[PDB]
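Notes for the one structure printed next.
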Amino acid sequence: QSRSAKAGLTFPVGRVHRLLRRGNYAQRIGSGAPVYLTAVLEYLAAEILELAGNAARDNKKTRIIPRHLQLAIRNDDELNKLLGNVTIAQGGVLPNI
DNA sequence: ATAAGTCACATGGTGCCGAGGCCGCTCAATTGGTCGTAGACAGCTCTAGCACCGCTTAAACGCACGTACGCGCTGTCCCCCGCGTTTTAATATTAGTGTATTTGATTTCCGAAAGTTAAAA
């Protein structure tokens with residue numbers, strides 16, 4: 001058995017734990033912190049990737065592309081607050097009317 | 001006359017009172033010393049650079065020029081406010097209670113560390 005396996009999360013929480021270790025965020029790394037934040041990250045990735053799926057459906061290209069990613073993330077009004085100053089590579093910009 | 005004796009004198013010394021003079025304890029962080037490991041290094045090879053030509057014709061710049069366009073124009077509408085006024089609510093005072101913080105003594109908490117081994121392109 002593995003900690004990354006029993007976590008039931010895609011991203012390996014062991015990697016997150018040791019990243020927190022070398023990241024100097026504190027002297028001890030609470031074992032629930034990496035798994036919790038890994039799950040939060042996985043949900044946010046799920047948001048981006050269900051947007052990817054429906055953008056692939058809308059644009060008829062089965063595999064998601066950065067244009068679709070930029071368009072969907074810029075249409076995500078609440079998420080743009082998190083990613084306001086953020087910008088995406090090769091994504092262009094959403095059309096202004 | 002002089003051994004005994006009283007006596008006062010003279011110096012002894014013992015006791016108590018400050019007091020200025022050394023001393024005692026503690027914690028800052030230095031520096032002394034010492035392990036063990038980041039750091040610069042030791043041969044090195046090959047990456048993606050960046051020329052270094054050697055083409056082509058796709059951009060592009062000017063050549064022309066044209067509506068679009070701007071930019072003040074100009075009657076006039078309008079609105080902001082400078083006050084003048086009544087309001088009007090902003091002072092800024094006490095207040096004790098009602099948690100809010102809070103700082104002790106633990107007292108569990110738990111993950112870094114030390115094995116031991118699972119897994120891993």
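If you're wondering about the labels, chains in the structure tokens are A, B, ... by order shown, residues count from 1 in each chain, ligands from 1 in order shown.
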
(message) Distance limit 12 Å, atoms considered: only C-alpha atoms (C1' of nucleotides). Which chain A residues sit that close to chain B? Return them as a PyMOL selection string.
(response) chain A and resi 1-3+17-18+21+27-32

File dump, residues just selected, N, CA and C atoms, as a compact mmCIF listing (two decimals), in the first residue's frame:
```txt
# COMPACT_ATOMS: atom_id res chain seq x y z
N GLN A 1 0.85 -1.22 0.00
CA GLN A 1 0.00 0.00 0.00
C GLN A 1 0.87 1.26 0.00
N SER A 2 0.31 2.35 -0.51
CA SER A 2 1.00 3.62 -0.64
C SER A 2 0.15 4.72 -0.01
N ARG A 3 0.82 5.74 0.53
CA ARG A 3 0.08 6.91 0.99
C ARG A 3 -0.59 7.62 -0.19
N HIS A 17 3.69 16.34 -0.03
CA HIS A 17 4.23 16.41 1.32
C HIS A 17 5.71 16.78 1.30
N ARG A 18 6.48 16.12 0.43
CA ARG A 18 7.91 16.41 0.39
C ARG A 18 8.20 17.75 -0.28
N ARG A 21 7.85 20.01 2.47
CA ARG A 21 9.05 19.89 3.28
C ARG A 21 10.16 20.79 2.75
N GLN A 27 8.54 24.14 9.79
CA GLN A 27 9.50 23.13 10.21
C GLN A 27 8.91 21.73 10.17
N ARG A 28 7.63 21.59 10.51
CA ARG A 28 6.91 20.33 10.44
C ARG A 28 5.77 20.49 9.45
N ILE A 29 5.48 19.44 8.69
CA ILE A 29 4.41 19.47 7.70
C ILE A 29 3.30 18.56 8.18
N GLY A 30 2.17 19.15 8.57
CA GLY A 30 1.01 18.37 8.98
C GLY A 30 0.56 17.44 7.88
N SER A 31 0.36 16.16 8.20
CA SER A 31 0.10 15.16 7.16
C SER A 31 -1.25 15.37 6.48
N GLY A 32 -2.21 16.03 7.14
CA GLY A 32 -3.48 16.29 6.49
C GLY A 32 -3.44 17.45 5.53
```

(request) Would you return as a VMD selection string the members of stretch 2-89 of chain A that DSSP assigns to helix (DSSP H, G or I) on this structure's backbone? (result) chain A and resid 3 to 6 13 to 22 32 to 59 66 to 75 77 to 82

(message) One decimal, in Å: what's the spacing between atom CA of residue A:53 and atom CA of residue A:38?
(response)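 Pair atom CA of residue A:53 / atom CA of residue A:38 returns 21.6 Å.
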
Could you name the residues that touch residue A:88 at 10 Å or less, counting only C-alpha atoms (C1' of nucleotides), but leaving out those on the same chain fewer than 3 positions away, as an mmCIF file with C-alpha atoms, in the first residue's frame?
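Dumped everything to around-v2.cif:
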```
data_model
loop_
_atom_site.group_PDB
_atom_site.id
_atom_site.type_symbol
_atom_site.label_atom_id
_atom_site.label_comp_id
_atom_site.auth_asym_id
_atom_site.auth_seq_id
_atom_site.Cartn_x
_atom_site.Cartn_y
_atom_site.Cartn_z
ATOM 1 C CA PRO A 66 -4.779 26.266 -25.280
ATOM 2 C CA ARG A 67 -7.177 28.481 -27.249
ATOM 3 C CA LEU A 69 -8.460 26.728 -22.336
ATOM 4 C CA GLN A 70 -7.966 30.500 -22.454
ATOM 5 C CA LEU A 71 -11.504 31.095 -23.715
ATOM 6 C CA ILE A 73 -10.947 30.278 -18.177
ATOM 7 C CA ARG A 74 -11.662 33.860 -19.276
ATOM 8 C CA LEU A 83 -6.595 34.443 -12.214
ATOM 9 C CA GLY A 91 -4.523 31.496 -25.912
ATOM 10 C CA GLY A 92 -5.187 34.827 -27.575
ATOM 11 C CA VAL A 93 -7.932 36.826 -25.884
#
```

(request) Just give me the gap between atom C1' of residue B:34 and atom CA of residue A:26 in Å, one decimal is fine. (result)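 Between atom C1' of residue B:34 and atom CA of residue A:26 the gap works out to 28.8 Å.
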